[PDB]
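Given next, in structure tokens, is a single chain: the form deposited in one PDB entry.
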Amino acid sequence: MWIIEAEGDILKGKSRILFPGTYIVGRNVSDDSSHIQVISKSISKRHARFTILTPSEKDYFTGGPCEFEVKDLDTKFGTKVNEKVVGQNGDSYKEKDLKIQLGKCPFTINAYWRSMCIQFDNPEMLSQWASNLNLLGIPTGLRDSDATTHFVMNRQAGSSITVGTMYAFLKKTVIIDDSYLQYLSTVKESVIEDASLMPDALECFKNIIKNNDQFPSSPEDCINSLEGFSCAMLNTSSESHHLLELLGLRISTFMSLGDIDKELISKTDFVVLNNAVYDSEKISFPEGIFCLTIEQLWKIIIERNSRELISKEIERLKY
């Protein structure tokens, strides 16, 4: 998101978030969702046009900013951006840092890009929110990205948190839900006038951990809590692989379940199964080895006992 700020009284001492759209900047306009007042003497009645475009396809993956367009409105004294004269048919900027000077006025309008990219847990929630967030200048997606700052979990009364959510939690990502997204959309226009009115994602996130029995005390407790243990794992999602590695697990990945040699048993402490293979193939899985789902493993992880809990369960199924 583009934030603008000024080092005089010229923006009233308020930061503004500039969502995708078009803003008339000058001294005779008021404060709309589409008008910005700037008091100074050397600036025209209607001085500048700021136009913020919606995110590019790459912005989710690069973290780069929405295009910021600056048009001078046939001004006597002109407009400058980064000390270079804007004129002609305007200019468009892709840098994260913009110094905008209007006329001979020494107090400058400073645009800066604050990172916010939102990953979703599934296609269903994405479809529900994509276009909306696109209009708020927030890149969205399903794939992993080094630019992601926030992850949206599916909130559901019945079941476990998903693997996606377990992983985002352990990766140290801020987790948010549907209701934060509702909040952000109702206060859109108010936040343009005052950046500090921006809904706080950390409050939503801290509230989720507190109100939920499906989250450990801290991501830091879990990381490397199972180092020293090794497990075998039938195929599974790539989220599942990386999740287990963060827990400090040595991972062997078999395919058939009939790929279980004496080799594996002798060097594997327990085994992680898909939901499907766990329920029906209780007739054909190995006799000595402890078997659990990712869902159950996570429930072990939440406990204070984790290692003592798995240890004594290997000793139960070995005698």
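Start at 1 with the first residue shown and count on from there. Rigid core: the largest C-alpha set superposing within 1.5 Å between the two forms.
Same protein, other form: the form deposited in another entry, not shown, and the subject of what follows.
- The only C-alpha among 132, 190, 115, 92 that moves by 2 Å or more between this form and the one not shown, given a superposition on the rigid core, is that of 190.
- For residue 9, the Cα coordinates differ by under 2 angstroms between this form and the one not shown after the core has been superposed.
- Relative to the superposed rigid core, the position of the CA of residue 229 differs between this form and the one not shown by 2 Å or more.
- Relative to the superposed core, residue 267 undergoes a C-alpha shift of no less than 2 Å between this form and the one not shown.
- Relative to this form, the distance between the C-alpha atoms of residue 191 and residue 180 is increased by at least 3 angstroms in the other form.
- An increase of at least 3 Å in the separation of the C-alpha atoms of residue 125 and residue 238 is found in the other form, compared with the displayed form.
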